[PDB]
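*Asks:* My file is input25.csv. It has CSV, N, CA and C atoms and all ligand atoms:
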```
chain,number,residue,atom,x,y,z
A,1,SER,N,-78.4,62.4,108.9
A,1,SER,CA,-77.5,61.3,108.3
A,1,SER,C,-77.4,60.2,109.4
A,2,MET,N,-77.2,59.0,109.0
A,2,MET,CA,-77.2,57.9,110.0
A,2,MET,C,-76.0,56.9,109.7
A,3,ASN,N,-75.4,56.4,110.7
A,3,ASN,CA,-74.5,55.4,110.6
A,3,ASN,C,-75.2,54.0,110.6
A,4,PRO,N,-74.6,53.0,109.9
A,4,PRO,CA,-75.2,51.7,110.0
A,4,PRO,C,-74.9,51.1,111.4
A,5,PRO,N,-75.6,50.1,111.8
A,5,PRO,CA,-75.2,49.3,113.0
A,5,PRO,C,-73.8,48.9,112.8
A,6,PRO,N,-73.0,48.8,113.9
A,6,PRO,CA,-71.6,48.4,113.8
A,6,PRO,C,-71.5,46.9,113.5
A,7,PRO,N,-70.4,46.4,113.1
A,7,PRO,CA,-70.2,44.9,112.9
A,7,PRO,C,-70.4,44.3,114.3
A,8,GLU,N,-71.0,43.1,114.3
A,8,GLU,CA,-71.2,42.4,115.5
A,8,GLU,C,-69.9,42.0,116.2
A,9,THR,N,-69.9,42.0,117.5
A,9,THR,CA,-68.7,41.6,118.3
A,9,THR,C,-69.0,40.4,119.2
A,10,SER,N,-70.3,39.9,119.1
A,10,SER,CA,-70.6,38.7,119.8
A,10,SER,C,-71.8,38.1,119.0
A,11,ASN,N,-72.1,36.8,119.1
A,11,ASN,CA,-73.1,36.2,118.4
A,11,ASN,C,-73.5,34.9,119.1
A,12,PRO,N,-74.8,34.8,119.5
A,12,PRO,CA,-75.2,33.6,120.3
A,12,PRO,C,-74.9,32.3,119.7
A,13,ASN,N,-74.9,32.2,118.3
A,13,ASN,CA,-74.9,31.0,117.6
A,13,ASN,C,-73.5,30.6,117.1
A,14,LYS,N,-72.6,31.6,117.1
A,14,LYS,CA,-71.3,31.4,116.5
A,14,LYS,C,-70.3,30.7,117.5
A,15,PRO,N,-69.8,29.5,117.1
A,15,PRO,CA,-68.9,28.8,118.0
A,15,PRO,C,-67.7,29.6,118.3
A,16,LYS,N,-67.1,29.5,119.4
A,16,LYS,CA,-66.1,30.4,120.0
A,16,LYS,C,-64.9,29.5,120.4
A,17,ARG,N,-63.7,30.1,120.3
A,17,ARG,CA,-62.5,29.3,120.6
A,17,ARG,C,-61.4,30.3,121.0
A,18,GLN,N,-60.5,29.8,121.8
A,18,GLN,CA,-59.3,30.6,122.1
A,18,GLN,C,-58.1,29.7,121.8
A,19,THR,N,-57.3,30.1,120.8
A,19,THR,CA,-56.1,29.4,120.4
A,19,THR,C,-54.9,30.2,120.7
A,20,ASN,N,-53.7,29.6,120.7
A,20,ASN,CA,-52.5,30.3,121.0
A,20,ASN,C,-52.3,31.4,120.0
A,21,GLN,N,-52.7,31.2,118.8
A,21,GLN,CA,-52.6,32.2,117.7
A,21,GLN,C,-53.5,33.4,118.0
A,22,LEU,N,-54.7,33.1,118.4
A,22,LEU,CA,-55.6,34.2,118.8
A,22,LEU,C,-55.1,35.0,120.0
A,23,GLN,N,-54.5,34.3,120.9
A,23,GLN,CA,-53.9,35.1,122.1
A,23,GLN,C,-52.7,35.9,121.6
A,24,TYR,N,-51.9,35.4,120.7
A,24,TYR,CA,-50.8,36.2,120.2
A,24,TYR,C,-51.4,37.4,119.4
A,25,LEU,N,-52.5,37.2,118.7
A,25,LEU,CA,-53.1,38.3,117.9
A,25,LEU,C,-53.6,39.4,118.8
A,26,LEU,N,-54.1,39.1,120.0
A,26,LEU,CA,-54.6,40.2,120.9
A,26,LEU,C,-53.3,40.7,121.6
A,27,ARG,N,-52.4,39.9,122.1
A,27,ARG,CA,-51.4,40.3,123.1
A,27,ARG,C,-50.2,41.0,122.3
A,28,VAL,N,-49.9,40.6,121.1
A,28,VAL,CA,-48.8,41.1,120.4
A,28,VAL,C,-49.2,42.0,119.2
A,29,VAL,N,-50.2,41.5,118.4
A,29,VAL,CA,-50.5,42.2,117.2
A,29,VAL,C,-51.4,43.4,117.4
A,30,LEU,N,-52.6,43.2,118.0
A,30,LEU,CA,-53.5,44.2,118.3
A,30,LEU,C,-52.9,45.2,119.2
A,31,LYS,N,-52.1,44.7,120.2
A,31,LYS,CA,-51.4,45.6,121.1
A,31,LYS,C,-50.4,46.6,120.4
A,32,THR,N,-49.6,46.0,119.6
A,32,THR,CA,-48.6,46.8,118.8
A,32,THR,C,-49.4,47.9,118.0
A,33,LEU,N,-50.4,47.5,117.3
A,33,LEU,CA,-51.1,48.5,116.5
A,33,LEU,C,-51.9,49.5,117.3
A,34,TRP,N,-52.6,49.1,118.4
A,34,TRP,CA,-53.5,49.9,119.1
A,34,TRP,C,-52.8,51.2,119.7
A,35,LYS,N,-51.5,51.0,120.1
A,35,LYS,CA,-50.8,52.1,120.8
A,35,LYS,C,-50.0,52.9,119.8
A,36,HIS,N,-50.0,52.5,118.5
A,36,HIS,CA,-49.3,53.3,117.5
A,36,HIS,C,-49.9,54.7,117.3
A,37,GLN,N,-49.1,55.6,116.9
A,37,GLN,CA,-49.5,57.0,116.8
A,37,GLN,C,-50.6,57.2,115.7
A,38,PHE,N,-50.7,56.3,114.8
A,38,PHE,CA,-51.7,56.4,113.7
A,38,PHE,C,-52.9,55.4,114.0
A,39,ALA,N,-53.0,54.9,115.2
A,39,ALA,CA,-54.1,53.9,115.4
A,39,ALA,C,-55.5,54.6,115.5
A,40,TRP,N,-55.5,55.8,116.0
A,40,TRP,CA,-56.8,56.3,116.5
A,40,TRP,C,-57.9,56.4,115.5
A,41,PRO,N,-57.6,56.7,114.2
A,41,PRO,CA,-58.8,56.7,113.2
A,41,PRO,C,-59.4,55.4,113.0
A,42,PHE,N,-58.7,54.3,113.4
A,42,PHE,CA,-59.1,53.0,113.2
A,42,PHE,C,-59.6,52.3,114.5
A,43,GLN,N,-59.7,53.0,115.6
A,43,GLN,CA,-60.0,52.4,116.9
A,43,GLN,C,-61.5,52.3,117.1
A,44,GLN,N,-62.3,52.8,116.2
A,44,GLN,CA,-63.8,52.7,116.3
A,44,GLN,C,-64.3,52.7,114.9
A,45,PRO,N,-65.5,52.2,114.6
A,45,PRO,CA,-66.1,52.3,113.3
A,45,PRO,C,-66.1,53.7,112.8
A,46,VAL,N,-65.9,53.8,111.5
A,46,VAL,CA,-66.0,55.1,110.8
A,46,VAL,C,-67.4,55.8,111.1
A,47,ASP,N,-67.3,57.0,111.8
A,47,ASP,CA,-68.5,57.7,112.1
A,47,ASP,C,-68.8,58.7,111.0
A,48,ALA,N,-69.5,58.2,110.0
A,48,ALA,CA,-69.8,58.9,108.8
A,48,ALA,C,-70.6,60.2,109.0
A,49,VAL,N,-71.4,60.1,110.1
A,49,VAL,CA,-72.2,61.3,110.5
A,49,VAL,C,-71.3,62.4,111.0
A,50,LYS,N,-70.5,62.1,112.0
A,50,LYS,CA,-69.6,63.1,112.6
A,50,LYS,C,-68.6,63.7,111.6
A,51,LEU,N,-68.1,62.8,110.7
A,51,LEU,CA,-67.1,63.2,109.7
A,51,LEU,C,-67.7,63.8,108.5
A,52,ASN,N,-69.0,63.8,108.4
A,52,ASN,CA,-69.7,64.3,107.2
A,52,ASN,C,-69.2,63.6,105.9
A,53,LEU,N,-69.3,62.3,105.9
A,53,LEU,CA,-69.0,61.4,104.8
A,53,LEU,C,-70.2,60.7,104.4
A,54,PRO,N,-71.1,61.4,103.7
A,54,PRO,CA,-72.4,60.8,103.4
A,54,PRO,C,-72.3,59.6,102.5
A,55,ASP,N,-71.2,59.5,101.7
A,55,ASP,CA,-71.1,58.4,100.8
A,55,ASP,C,-70.3,57.2,101.4
A,56,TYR,N,-69.8,57.4,102.6
A,56,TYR,CA,-68.9,56.3,103.1
A,56,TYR,C,-69.5,54.9,103.0
A,57,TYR,N,-70.7,54.8,103.6
A,57,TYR,CA,-71.4,53.5,103.7
A,57,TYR,C,-72.2,53.2,102.4
A,58,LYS,N,-72.2,54.1,101.4
A,58,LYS,CA,-72.6,53.7,100.1
A,58,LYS,C,-71.5,53.0,99.3
A,59,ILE,N,-70.3,53.3,99.6
A,59,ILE,CA,-69.2,52.6,99.0
A,59,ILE,C,-68.6,51.4,99.8
A,60,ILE,N,-68.6,51.5,101.1
A,60,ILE,CA,-68.0,50.5,101.9
A,60,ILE,C,-69.1,49.7,102.6
A,61,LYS,N,-69.4,48.5,102.1
A,61,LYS,CA,-70.5,47.6,102.6
A,61,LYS,C,-70.0,46.6,103.5
A,62,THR,N,-68.7,46.4,103.7
A,62,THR,CA,-68.1,45.5,104.7
A,62,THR,C,-67.1,46.3,105.6
A,63,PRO,N,-67.7,47.2,106.4
A,63,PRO,CA,-66.8,48.0,107.3
A,63,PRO,C,-66.1,47.1,108.3
A,64,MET,N,-64.9,47.6,108.7
A,64,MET,CA,-64.2,46.9,109.8
A,64,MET,C,-63.2,47.9,110.4
A,65,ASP,N,-62.9,47.8,111.7
A,65,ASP,CA,-62.1,48.7,112.5
A,65,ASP,C,-61.5,47.9,113.6
A,66,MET,N,-60.4,48.5,114.2
A,66,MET,CA,-59.7,47.7,115.2
A,66,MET,C,-60.4,47.7,116.6
A,67,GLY,N,-61.4,48.6,116.8
A,67,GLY,CA,-62.2,48.5,118.0
A,67,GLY,C,-63.1,47.3,118.0
A,68,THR,N,-63.7,47.0,116.8
A,68,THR,CA,-64.4,45.8,116.6
A,68,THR,C,-63.5,44.6,116.7
A,69,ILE,N,-62.4,44.6,116.1
A,69,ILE,CA,-61.4,43.5,116.2
A,69,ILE,C,-61.1,43.2,117.7
A,70,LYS,N,-60.7,44.3,118.4
A,70,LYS,CA,-60.4,44.1,119.8
A,70,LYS,C,-61.5,43.5,120.6
A,71,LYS,N,-62.7,43.9,120.4
A,71,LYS,CA,-63.8,43.3,121.2
A,71,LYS,C,-64.0,41.9,120.7
A,72,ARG,N,-63.9,41.6,119.4
A,72,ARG,CA,-64.1,40.2,119.0
A,72,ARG,C,-63.0,39.3,119.7
A,73,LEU,N,-61.8,39.7,119.7
A,73,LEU,CA,-60.7,39.0,120.4
A,73,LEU,C,-61.1,38.8,121.9
A,74,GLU,N,-61.4,39.9,122.5
A,74,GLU,CA,-61.7,39.8,124.0
A,74,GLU,C,-62.9,39.0,124.3
A,75,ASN,N,-63.9,39.0,123.5
A,75,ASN,CA,-65.1,38.2,123.7
A,75,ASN,C,-65.0,36.8,123.2
A,76,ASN,N,-63.8,36.4,122.7
A,76,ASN,CA,-63.6,35.1,122.0
A,76,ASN,C,-64.7,34.8,121.0
A,77,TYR,N,-64.9,35.8,120.1
A,77,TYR,CA,-65.8,35.7,119.0
A,77,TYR,C,-65.3,34.7,117.9
A,78,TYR,N,-64.0,34.7,117.8
A,78,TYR,CA,-63.5,34.0,116.6
A,78,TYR,C,-63.3,32.5,117.0
A,79,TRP,N,-63.3,31.7,115.9
A,79,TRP,CA,-62.8,30.3,116.0
A,79,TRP,C,-61.4,30.2,115.7
A,80,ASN,N,-60.8,31.0,114.7
A,80,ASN,CA,-59.4,30.8,114.4
A,80,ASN,C,-58.8,32.1,114.0
A,81,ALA,N,-57.5,32.1,114.0
A,81,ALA,CA,-56.7,33.3,113.7
A,81,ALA,C,-57.0,33.9,112.3
A,82,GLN,N,-57.2,33.0,111.3
A,82,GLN,CA,-57.5,33.5,110.0
A,82,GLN,C,-58.7,34.5,109.9
A,83,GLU,N,-59.7,34.2,110.7
A,83,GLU,CA,-60.8,35.1,110.7
A,83,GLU,C,-60.4,36.5,111.1
A,84,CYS,N,-59.6,36.6,112.2
A,84,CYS,CA,-59.1,37.9,112.6
A,84,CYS,C,-58.2,38.5,111.6
A,85,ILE,N,-57.2,37.8,111.1
A,85,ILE,CA,-56.4,38.3,110.0
A,85,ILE,C,-57.2,38.9,108.9
A,86,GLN,N,-58.3,38.2,108.5
A,86,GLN,CA,-59.2,38.7,107.5
A,86,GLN,C,-59.8,40.0,107.9
A,87,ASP,N,-60.3,40.2,109.1
A,87,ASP,CA,-60.8,41.5,109.6
A,87,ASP,C,-59.8,42.6,109.4
A,88,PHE,N,-58.5,42.3,109.8
A,88,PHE,CA,-57.5,43.4,109.6
A,88,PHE,C,-57.4,43.7,108.1
A,89,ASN,N,-57.4,42.7,107.3
A,89,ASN,CA,-57.2,43.0,105.9
A,89,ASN,C,-58.4,43.8,105.3
A,90,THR,N,-59.6,43.5,105.8
A,90,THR,CA,-60.8,44.2,105.4
A,90,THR,C,-60.7,45.7,105.8
A,91,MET,N,-60.3,45.9,107.0
A,91,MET,CA,-60.1,47.3,107.5
A,91,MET,C,-59.1,48.1,106.5
A,92,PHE,N,-58.0,47.5,106.2
A,92,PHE,CA,-57.0,48.2,105.4
A,92,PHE,C,-57.5,48.4,104.0
A,93,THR,N,-58.1,47.3,103.4
A,93,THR,CA,-58.6,47.4,102.0
A,93,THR,C,-59.7,48.5,101.9
A,94,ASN,N,-60.6,48.5,102.9
A,94,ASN,CA,-61.6,49.5,102.8
A,94,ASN,C,-61.0,50.9,102.8
A,95,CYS,N,-60.0,51.2,103.5
A,95,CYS,CA,-59.3,52.5,103.5
A,95,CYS,C,-58.8,52.8,102.2
A,96,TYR,N,-58.2,51.9,101.5
A,96,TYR,CA,-57.6,52.1,100.2
A,96,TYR,C,-58.7,52.3,99.1
A,97,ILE,N,-59.8,51.6,99.3
A,97,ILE,CA,-60.9,51.7,98.3
A,97,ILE,C,-61.6,53.1,98.4
A,98,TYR,N,-61.9,53.5,99.6
A,98,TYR,CA,-62.7,54.7,99.8
A,98,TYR,C,-61.9,56.0,99.5
A,99,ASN,N,-60.6,56.0,99.9
A,99,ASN,CA,-59.8,57.2,100.0
A,99,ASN,C,-58.9,57.3,98.8
A,100,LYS,N,-58.1,58.4,98.7
A,100,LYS,CA,-57.2,58.6,97.6
A,100,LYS,C,-55.8,58.5,98.0
A,101,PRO,N,-54.9,58.1,97.1
A,101,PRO,CA,-53.4,58.2,97.4
A,101,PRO,C,-53.0,59.5,97.8
A,102,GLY,N,-52.1,59.6,98.8
A,102,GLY,CA,-51.6,60.8,99.4
A,102,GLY,C,-52.5,61.3,100.5
A,103,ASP,N,-53.7,60.8,100.7
A,103,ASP,CA,-54.6,61.2,101.8
A,103,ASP,C,-53.9,60.8,103.1
A,104,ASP,N,-54.0,61.6,104.1
A,104,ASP,CA,-53.4,61.3,105.4
A,104,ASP,C,-53.8,59.9,105.9
A,105,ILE,N,-55.1,59.6,105.7
A,105,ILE,CA,-55.6,58.4,106.3
A,105,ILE,C,-55.0,57.2,105.6
A,106,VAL,N,-54.7,57.3,104.3
A,106,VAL,CA,-54.1,56.2,103.6
A,106,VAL,C,-52.6,56.0,104.0
A,107,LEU,N,-51.9,57.1,104.2
A,107,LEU,CA,-50.6,57.0,104.8
A,107,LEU,C,-50.5,56.4,106.1
A,108,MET,N,-51.5,56.7,107.0
A,108,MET,CA,-51.6,56.0,108.3
A,108,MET,C,-51.9,54.5,108.1
A,109,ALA,N,-52.8,54.2,107.3
A,109,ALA,CA,-53.2,52.8,107.1
A,109,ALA,C,-51.9,52.0,106.6
A,110,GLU,N,-51.2,52.5,105.6
A,110,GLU,CA,-50.0,51.9,105.1
A,110,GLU,C,-49.0,51.6,106.2
A,111,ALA,N,-48.8,52.6,107.1
A,111,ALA,CA,-47.8,52.3,108.2
A,111,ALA,C,-48.3,51.2,109.1
A,112,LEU,N,-49.6,51.3,109.5
A,112,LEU,CA,-50.1,50.3,110.3
A,112,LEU,C,-50.1,48.9,109.7
A,113,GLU,N,-50.4,48.9,108.4
A,113,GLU,CA,-50.4,47.6,107.7
A,113,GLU,C,-49.0,47.0,107.6
A,114,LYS,N,-48.0,47.9,107.5
A,114,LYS,CA,-46.6,47.4,107.5
A,114,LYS,C,-46.3,46.7,108.8
A,115,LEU,N,-46.6,47.4,109.9
A,115,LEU,CA,-46.4,46.8,111.2
A,115,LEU,C,-47.2,45.5,111.4
A,116,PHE,N,-48.4,45.5,110.9
A,116,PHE,CA,-49.3,44.4,111.0
A,116,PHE,C,-48.6,43.1,110.4
A,117,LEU,N,-48.1,43.3,109.1
A,117,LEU,CA,-47.5,42.2,108.4
A,117,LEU,C,-46.2,41.8,109.1
A,118,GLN,N,-45.4,42.7,109.6
A,118,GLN,CA,-44.3,42.3,110.4
A,118,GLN,C,-44.6,41.4,111.5
A,119,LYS,N,-45.7,41.8,112.3
A,119,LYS,CA,-46.0,41.0,113.5
A,119,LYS,C,-46.6,39.7,113.1
A,120,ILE,N,-47.4,39.6,112.1
A,120,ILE,CA,-48.0,38.3,111.8
A,120,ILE,C,-47.1,37.4,111.1
A,121,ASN,N,-45.9,37.9,110.6
A,121,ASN,CA,-44.9,37.0,110.0
A,121,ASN,C,-44.4,36.0,111.0
A,122,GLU,N,-44.4,36.3,112.3
A,122,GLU,CA,-44.0,35.5,113.4
A,122,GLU,C,-45.2,34.9,114.1
A,123,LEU,N,-46.4,34.8,113.5
A,123,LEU,CA,-47.5,34.2,114.1
A,123,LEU,C,-47.1,32.8,114.5
A,124,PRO,N,-47.2,32.4,115.8
A,124,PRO,CA,-46.7,31.1,116.2
A,124,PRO,C,-47.5,30.0,115.6
A,125,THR,N,-46.8,28.9,115.3
A,125,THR,CA,-47.5,27.7,114.8
A,125,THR,C,-48.6,27.2,115.8
A,126,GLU,N,-49.7,26.8,115.3
A,126,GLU,CA,-50.8,26.5,116.2
A,126,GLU,C,-50.5,25.3,117.0
A,127,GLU,N,-50.9,25.4,118.3
A,127,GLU,CA,-50.7,24.2,119.2
A,127,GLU,C,-51.8,23.2,119.0
B,201,LIG,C1,-60.7,54.4,108.3
B,201,LIG,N1,-61.0,55.8,108.2
B,201,LIG,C2,-61.0,56.6,109.4
B,201,LIG,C3,-61.3,58.0,109.4
B,201,LIG,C4,-61.3,58.7,110.7
B,201,LIG,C5,-62.3,58.2,111.6
B,201,LIG,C6,-62.5,58.8,112.8
B,201,LIG,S1,-63.8,58.2,113.9
B,201,LIG,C7,-63.2,56.5,114.4
B,201,LIG,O1,-64.0,59.0,115.0
B,201,LIG,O2,-65.0,58.0,113.1
B,201,LIG,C8,-61.6,59.8,113.2
B,201,LIG,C9,-60.6,60.3,112.4
B,201,LIG,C10,-60.5,59.7,111.1
B,201,LIG,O3,-59.5,60.1,110.2
B,201,LIG,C11,-58.7,61.2,110.6
B,201,LIG,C12,-57.9,61.5,109.3
B,201,LIG,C13,-56.7,62.4,109.5
B,201,LIG,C14,-56.5,60.9,109.1
B,201,LIG,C15,-61.5,58.7,108.0
B,201,LIG,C16,-61.7,60.1,108.0
B,201,LIG,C17,-61.9,60.7,106.7
B,201,LIG,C18,-62.2,62.2,106.7
B,201,LIG,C19,-62.6,62.9,105.6
B,201,LIG,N2,-62.7,64.2,106.1
B,201,LIG,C20,-63.0,65.4,105.3
B,201,LIG,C21,-63.6,66.4,106.3
B,201,LIG,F1,-64.6,65.8,107.1
B,201,LIG,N3,-62.5,64.2,107.4
B,201,LIG,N4,-62.2,62.9,107.8
B,201,LIG,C22,-61.9,59.9,105.6
B,201,LIG,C23,-61.7,58.5,105.6
B,201,LIG,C24,-61.5,57.9,106.9
B,201,LIG,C25,-61.2,56.4,106.9
B,201,LIG,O4,-61.1,55.7,105.9
```
Would you mind writing the structure in this file as C-alpha cells?

*Replies:*
Amino acid sequence: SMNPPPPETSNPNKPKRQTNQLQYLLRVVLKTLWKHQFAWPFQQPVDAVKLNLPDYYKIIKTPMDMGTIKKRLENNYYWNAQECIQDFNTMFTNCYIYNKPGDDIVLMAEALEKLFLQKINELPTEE
C-alpha cells in the first residue's frame, strides 16, 4: 500500500507574504491547537499505510493536516490568512467526510475545531 505525496509546504513560483494575521495564526492559533491533547492525530498527514486505511485516499482527494499547515506558516508559503483558514477547514471537513459520528477521531476534531473557531474569532484586523 502507498501513501500519496504530502501536500506541498513550499513552491518556487508561489508569492509569499507575512502579515500580522498570518503571525497570529502561527503564534496563537496553531500554537493553541498543536499542544492540545487531541492534536496528535492531526500533526502529520494521515499515514494510510501504517493505519491500514486502504480507502482513505480513495475518498479524501484534498488531504490536509496541521503539520503541513505549520510548515506552510513557518516557510511563509501563504499570501494571506484566508488561505490558512481554508487549510484548517479542509482538515476538519475531511475528518467528518471519511469517518463516522461517535468515532474517537471525530470527537477529537470537533473539540479542536471549537477551539479553532474561538481563536479565529479574535483574528486581528489586517495592518
Ligand atoms: C485525521 N485522521 C487521523 C487519524 C490518525 C492518524 C495518525 S498518523 C498522523 O500517524 O497517520 C495517528 C492516529 C490517528 O487517529 C487516532 C484515532 C484515535 C483517534 C485517523 C485514524 C483512523 C484509524 C482507523 N483505524 C482502524 C484501525 F486501524 N485506526 N486509526 C481513522 C481516521 C483518521 C483521521 O481521519

*Asks:* Please, which residues have at least one atom within 7 Å of an atom of ligand LIG 201 (chain B), using only C-alpha atoms and all ligand atoms, listed as a ChimeraX atom specification?

*Replies:* /A:40-48,50-53,94-95,98-99,104-105,108

*Asks:* Let me see the file: selected residues, N, CA and C atoms, as a compact mmCIF listing (two decimals), in the frame of the given file.

*Replies:*
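Result written to out18.txt:
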```
# COMPACT_ATOMS: atom_id res chain seq x y z
N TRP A 40 -55.50 55.80 116.00
CA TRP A 40 -56.80 56.30 116.50
C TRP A 40 -57.90 56.40 115.50
N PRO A 41 -57.60 56.70 114.20
CA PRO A 41 -58.80 56.70 113.20
C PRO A 41 -59.40 55.40 113.00
N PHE A 42 -58.70 54.30 113.40
CA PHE A 42 -59.10 53.00 113.20
C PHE A 42 -59.60 52.30 114.50
N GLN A 43 -59.70 53.00 115.60
CA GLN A 43 -60.00 52.40 116.90
C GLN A 43 -61.50 52.30 117.10
N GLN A 44 -62.30 52.80 116.20
CA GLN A 44 -63.80 52.70 116.30
C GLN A 44 -64.30 52.70 114.90
N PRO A 45 -65.50 52.20 114.60
CA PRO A 45 -66.10 52.30 113.30
C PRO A 45 -66.10 53.70 112.80
N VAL A 46 -65.90 53.80 111.50
CA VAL A 46 -66.00 55.10 110.80
C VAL A 46 -67.40 55.80 111.10
N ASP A 47 -67.30 57.00 111.80
CA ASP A 47 -68.50 57.70 112.10
C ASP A 47 -68.80 58.70 111.00
N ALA A 48 -69.50 58.20 110.00
CA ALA A 48 -69.80 58.90 108.80
C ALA A 48 -70.60 60.20 109.00
N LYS A 50 -70.50 62.10 112.00
CA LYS A 50 -69.60 63.10 112.60
C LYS A 50 -68.60 63.70 111.60
N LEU A 51 -68.10 62.80 110.70
CA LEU A 51 -67.10 63.20 109.70
C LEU A 51 -67.70 63.80 108.50
N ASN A 52 -69.00 63.80 108.40
CA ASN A 52 -69.70 64.30 107.20
C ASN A 52 -69.20 63.60 105.90
N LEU A 53 -69.30 62.30 105.90
CA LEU A 53 -69.00 61.40 104.80
C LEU A 53 -70.20 60.70 104.40
N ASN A 94 -60.60 48.50 102.90
CA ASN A 94 -61.60 49.50 102.80
C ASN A 94 -61.00 50.90 102.80
N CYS A 95 -60.00 51.20 103.50
CA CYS A 95 -59.30 52.50 103.50
C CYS A 95 -58.80 52.80 102.20
N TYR A 98 -61.90 53.50 99.60
CA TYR A 98 -62.70 54.70 99.80
C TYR A 98 -61.90 56.00 99.50
N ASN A 99 -60.60 56.00 99.90
CA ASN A 99 -59.80 57.20 100.00
C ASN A 99 -58.90 57.30 98.80
N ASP A 104 -54.00 61.60 104.10
CA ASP A 104 -53.40 61.30 105.40
C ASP A 104 -53.80 59.90 105.90
N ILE A 105 -55.10 59.60 105.70
CA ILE A 105 -55.60 58.40 106.30
C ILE A 105 -55.00 57.20 105.60
N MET A 108 -51.50 56.70 107.00
CA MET A 108 -51.60 56.00 108.30
C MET A 108 -51.90 54.50 108.10
```

*Asks:* Interatomic distance between atom C of residue 103 of chain A and atom N of residue 84 of chain A?

*Replies:* 26.5 Å

*Asks:* Would you list the contacts of residue 15 of chain A as a PyMOL selection string, taking every protein, DNA or RNA residue within 6.5 Å and counting only N, CA and C atoms, but skipping same-chain residues closer than 3 positions in sequence?

*Replies:* chain A and resi 12+77-79

*Asks:* Please write the residues from the selection above to a file, keeping N, CA and C atoms, as a tab-separated table (two decimals), in the coordinates of the input.

*Replies:*
```tsv
chain	number	residue	atom	x	y	z
A	12	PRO	N	-74.80	34.80	119.50
A	12	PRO	CA	-75.20	33.60	120.30
A	12	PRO	C	-74.90	32.30	119.70
A	77	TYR	N	-64.90	35.80	120.10
A	77	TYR	CA	-65.80	35.70	119.00
A	77	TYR	C	-65.30	34.70	117.90
A	78	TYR	N	-64.00	34.70	117.80
A	78	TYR	CA	-63.50	34.00	116.60
A	78	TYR	C	-63.30	32.50	117.00
A	79	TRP	N	-63.30	31.70	115.90
A	79	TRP	CA	-62.80	30.30	116.00
A	79	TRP	C	-61.40	30.20	115.70
```

*Asks:* For the atom pair atom CA of residue 109 of chain A and atom CA of residue 6 of chain A, what is the interatomic distance in Å to one decimal place?

*Replies:*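 Between these atoms lies a distance of 20.1 Å.
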
*Asks:* Taking into account only C-alpha atoms, which residue in the set A:112, A:101, A:125, A:118 is nearest to residue 35 of chain A?

*Replies:* A:112

*Asks:* From the list A:73, A:30, A:107, A:64, which residue is nearest residue 86 of chain A when using only C-alpha atoms?

*Replies:*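 Of A:73, A:30, A:107, A:64, the one nearest residue 86 of chain A, counting only C-alpha atoms, is A:64.
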
*Asks:* In Å, with one decimal, what is the gap from atom C of residue 37 of chain A to atom C of residue 10 of chain A?

*Replies:*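 Atom C of residue 10 of chain A lies at a distance of 28.7 Å from atom C of residue 37 of chain A.
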
*Asks:* Using only C-alpha atoms for the distances, tell me which of A:32, A:62, A:9, A:19 is nearest to residue 116 of chain A.

*Replies:* A:32

*Asks:* Using DSSP on the backbone coordinates, identify all residues within chain A classified as helix (DSSP H, G or I); present the result as a ChimeraX atom specification.

*Replies:* /A:20-34,40-42,56-59,66-74,81-98,104-121

*Asks:* Need to verify the contact set: residue 127 of chain A, 12 Å, only C-alpha atoms, exclusion of same-chain residues closer than 6 positions in sequence. Can you return it as a ChimeraX atom specification?

*Replies:* /A:18-23,80

*Asks:* Rank A:56, A:75, A:61, A:117 by their smallest atom-to-atom distance to residue 16 of chain A, using only N, CA and C atoms, and report the top residue only.

*Replies:*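 Ranking A:56, A:75, A:61, A:117 by distance to residue 16 of chain A, first place goes to A:75.
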
*Asks:* With only N, CA and C atoms as the atoms that count, which of A:29, A:1, A:93, A:8 lies nearest to residue 120 of chain A?

*Replies:*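 Using only N, CA and C atoms, the shortest distance to residue 120 of chain A belongs to A:29.
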
*Asks:* Kindly write C-alpha atoms of segment 32-58 of chain A from the structure just given to a file, as a PDB file, in the first residue's frame.

*Replies:*
```pdb
ATOM      1  CA  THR A  32      -3.157  26.600  20.888  1.00  0.00           C
ATOM      2  CA  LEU A  33      -4.196  23.662  18.732  1.00  0.00           C
ATOM      3  CA  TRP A  34      -0.796  21.945  18.412  1.00  0.00           C
ATOM      4  CA  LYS A  35      -0.375  21.485  22.170  1.00  0.00           C
ATOM      5  CA  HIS A  36      -3.957  20.290  22.732  1.00  0.00           C
ATOM      6  CA  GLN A  37      -4.378  16.744  23.974  1.00  0.00           C
ATOM      7  CA  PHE A  38      -6.227  15.809  20.770  1.00  0.00           C
ATOM      8  CA  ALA A  39      -3.764  17.400  18.340  1.00  0.00           C
ATOM      9  CA  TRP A  40      -1.553  14.402  17.654  1.00  0.00           C
ATOM     10  CA  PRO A  41      -3.684  12.565  15.010  1.00  0.00           C
ATOM     11  CA  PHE A  42      -3.620  15.814  13.052  1.00  0.00           C
ATOM     12  CA  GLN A  43       0.078  16.683  13.446  1.00  0.00           C
ATOM     13  CA  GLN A  44       1.116  14.838  10.265  1.00  0.00           C
ATOM     14  CA  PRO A  45      -0.589  13.625   7.084  1.00  0.00           C
ATOM     15  CA  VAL A  46      -2.822  10.591   7.502  1.00  0.00           C
ATOM     16  CA  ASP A  47      -0.499   7.582   7.101  1.00  0.00           C
ATOM     17  CA  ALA A  48      -2.969   5.281   5.421  1.00  0.00           C
ATOM     18  CA  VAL A  49      -0.338   2.559   5.120  1.00  0.00           C
ATOM     19  CA  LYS A  50       0.510   2.413   8.823  1.00  0.00           C
ATOM     20  CA  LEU A  51      -3.151   2.758   9.864  1.00  0.00           C
ATOM     21  CA  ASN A  52      -4.334   0.170   7.302  1.00  0.00           C
ATOM     22  CA  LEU A  53      -6.849   2.553   5.706  1.00  0.00           C
ATOM     23  CA  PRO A  54      -6.665   1.434   2.070  1.00  0.00           C
ATOM     24  CA  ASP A  55      -9.652   3.565   1.120  1.00  0.00           C
ATOM     25  CA  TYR A  56      -8.555   6.793   2.839  1.00  0.00           C
ATOM     26  CA  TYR A  57      -7.042   8.440  -0.247  1.00  0.00           C
ATOM     27  CA  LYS A  58      -9.732   6.994  -2.487  1.00  0.00           C
TER      28      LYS A  58
END
```
